[PDB]
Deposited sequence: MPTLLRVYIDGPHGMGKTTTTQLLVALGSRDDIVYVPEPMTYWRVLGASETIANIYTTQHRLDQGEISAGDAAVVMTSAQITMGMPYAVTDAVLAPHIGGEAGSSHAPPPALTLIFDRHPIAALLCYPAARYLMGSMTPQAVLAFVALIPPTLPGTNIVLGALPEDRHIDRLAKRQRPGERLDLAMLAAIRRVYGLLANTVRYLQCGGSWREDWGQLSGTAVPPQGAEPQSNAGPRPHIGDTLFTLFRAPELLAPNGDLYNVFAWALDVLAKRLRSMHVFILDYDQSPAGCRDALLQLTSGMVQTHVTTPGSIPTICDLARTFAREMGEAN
């Protein structure tokens, strides 16, 4: 069977992900690489009206005390549903086409602007740190993360906070929120550590007690306090006896299952756009390909990505 390479470019907004990706895509022949872009049209028009603006306005009014935490949370939870829909359907339609992990060049490379976990985990977790989502709703999103397909390569981004702030403070409906920037940077850092922790054999249930008061593909096993598991020692989630309610513990089991089979890479964005492109190109050499399940899978997948791009891209 012909092989496929799937690459999800993810991480905090404002690092140059979209630019780097387009530059990579520009290197290939028309139909040996396809881009699944940010579905900004879904977010702005098709799924609901100006969702990004809604999110940033709701946080602002919370921060100004014009609305309650409860009001903010129902809006953020609803908006996140809308935000995540295109990632979820794409994953669901792709799934039956993906075979086992498989090296000769892939017949097709599919690059995505973000993985479903961005909207079903990372942004919710950050909004929780911002006080605008409950940890129960974050764990409800986690419970809904789809099974992790073979050959899930995720590229996360590294960038010094100062450079990141500057790059953001220049270049939707977004507002310049440094607290949110810190939160989402923390969350993606925890994410990278979580994958490495799991792949190094870490068992969150075994280490849960070590809680009280980044890189993957490399390094020693992180402490559980430097992983996503640390976010869920919240009093809302704990029984009177001090333990996690089982319903929430099962959600963390799901979190561990979903993240542990992912292949995570870190891209250094602190360079020129062409620099990021070539760094990303070199990085793909260590990435995991898969077989597809049918002969016609490749052109089908190609049609799906282009259809997506046309309808939901800017």
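Asker: Go through the deposited sequence from residue 1 and tell me which stretches lack C-alpha coordinates, in order.
Answerer: Several stretches lack coordinates - namely 103-106, 176-177, 220-228, 330-331, in sequence order.
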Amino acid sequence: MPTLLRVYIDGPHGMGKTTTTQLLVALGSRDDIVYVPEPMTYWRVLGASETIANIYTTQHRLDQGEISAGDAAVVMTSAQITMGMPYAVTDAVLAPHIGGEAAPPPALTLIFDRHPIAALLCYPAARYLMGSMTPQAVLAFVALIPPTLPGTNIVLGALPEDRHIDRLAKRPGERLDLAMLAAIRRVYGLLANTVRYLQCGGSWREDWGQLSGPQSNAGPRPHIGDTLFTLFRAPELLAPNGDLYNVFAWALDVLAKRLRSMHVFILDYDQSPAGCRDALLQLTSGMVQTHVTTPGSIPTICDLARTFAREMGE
From here on, numbers count along this sequence of modelled residues.
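So that the term is clear: the rigid core is the largest set of C-alpha atoms that superpose within 1.5 Å between two forms.
Asker: Do the Cα atoms of 189-197 stray more than those of 162-170 in 8 other deposited structures of this protein, or is it the other way round, with the core held fixed?
Answerer: When 189-197 and 162-170 are compared in 8 other deposited structures of this protein, the bigger C-alpha shift is seen for 162-170.
Asker: Considering only other entries where residues before and after it are modelled, is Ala103 without coordinates in at least a third?
Answerer: Yes, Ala103 lacks coordinates in at least a third of the other entries compared.
Asker: As a check of understanding, is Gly151 unmodelled in at least a third of the other compared entries that model its flanking residues?
Answerer: No, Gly151 is modelled in every one of the other compared entries that cover both of its flanks.
Asker: Would you determine, from the values in the PDB entry, which of 19-27 and 288-296 has the greater average C-alpha temperature factor?
Answerer: The deposited B-factors put 288-296 ahead on the C-alpha mean.
Asker: For the C-alpha atoms alone, is the average B factor greater in 56-64 or in 35-43, going by the entry?
Answerer: Stretch with the greater average CA B-factor: 56-64.
Asker: Out of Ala143, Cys122, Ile165, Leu198, which one has a C-alpha B factor higher than all the others in the entry?
Answerer: Comparing C-alpha B-factors across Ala143, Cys122, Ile165, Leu198, the maximum falls on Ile165.
Asker: From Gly157, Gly202, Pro116, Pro106, can you pick the one with the highest C-alpha B factor in the entry?
Answerer: Answer for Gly157, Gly202, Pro116, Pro106: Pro106, with the highest C-alpha B-factor.
Asker: Where does the C-alpha B-factor of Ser49 rank in its chain, lowest, middle or highest third?
Answerer: Answer is highest: the recorded C-alpha B-factor places it there.
Asker: According to the PDB entry, is the CA B factor of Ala92 in the bottom, middle or top third of its chain, that is, lowest, middle or highest?
Answerer: Middle third.
Asker: Report the third (lowest, middle or highest) to which the CA temperature factor of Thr82 belongs, ranking only the modelled residues of the same chain.
Answerer: Within its chain, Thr82 is a middle-third residue by C-alpha B-factor, going by the deposited values.
Asker: Going by what the PDB entry lists, where does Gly242 fall on CA B-factor within its chain: lowest, middle or highest third?
Answerer: It falls in the top third of the chain.
Asker: Comparing against every modelled residue in the chain, figure out the third that the C-alpha B-factor of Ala69 lands in (lowest, middle or highest).
Answerer: Top third by C-alpha B-factor.
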